[PDB]
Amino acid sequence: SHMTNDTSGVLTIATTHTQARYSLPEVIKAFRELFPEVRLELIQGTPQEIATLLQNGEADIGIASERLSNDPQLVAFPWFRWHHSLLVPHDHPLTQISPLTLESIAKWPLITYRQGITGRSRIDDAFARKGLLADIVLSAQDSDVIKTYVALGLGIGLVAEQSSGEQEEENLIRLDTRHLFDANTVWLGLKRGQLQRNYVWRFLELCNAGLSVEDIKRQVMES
């Protein structure tokens, strides 16, 4: 097979709860087969921590939807795009509405992410187009807390579509609302101007077949 079979080292990834649970596992699987002798470590944190770990060299790759593509000291690459969905009890009024609207949604107590995490600004901007503030009864740092309080009757949720919405957890159900909110990007961030072991560049290629190692590198070293 491959030439990367005795490649060794330690790849440290810093990431959020969202990608840790809903996107990375697949990629990690692929990477462990490809690089069996490379130790992989993860640190979970907020976007702001992820950016600091990057600028200190405490992590090799940072993965999040916020603050990586706007840091002078990093360089970030698109991984995939995603949208929020509505998470509601299986028989909630909103399930007998249609077309779903922002007006519609703004009527219910809302359970979603704190500011500056998992696309929260997209939710806010969506309502702002209609002059509205959302009724936020729970500010979560993760989709799992959201599911708990939707199940518990406290309000409806806005979550990342990939948080599976919640397909398994029965009595809950995801309603697609692509038409109401703008898209998000998950970013792959590296420290600007910093050389990296081979398995680091290879790792970006595994998340996004659309990236080329040459172009990524040429672009980290621009400065």
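Note that residue numbering follows the sequence shown and begins at 1.
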| query | finding |
| --- | --- |
| Mean temperature factor over C-alpha atoms, higher-scoring stretch between 100-108 and 67-75 | 67-75 |
| Which of 11-19 and 208-216 has higher mean CA B factor, as the PDB entry lists it | 208-216 |
| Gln115 - Cα temperature factor, lowest/middle/highest third of chain | highest |
| Third of chain Cα B-factors occupied by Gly57 | highest |
| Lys191 - which third its CA temperature factor falls in, relative to the rest of the chain | lowest |
| Third assignment of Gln44 from its chain's C-alpha B-factors | middle |
| Third assignment of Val38 from its chain's C-alpha B-factors | middle |
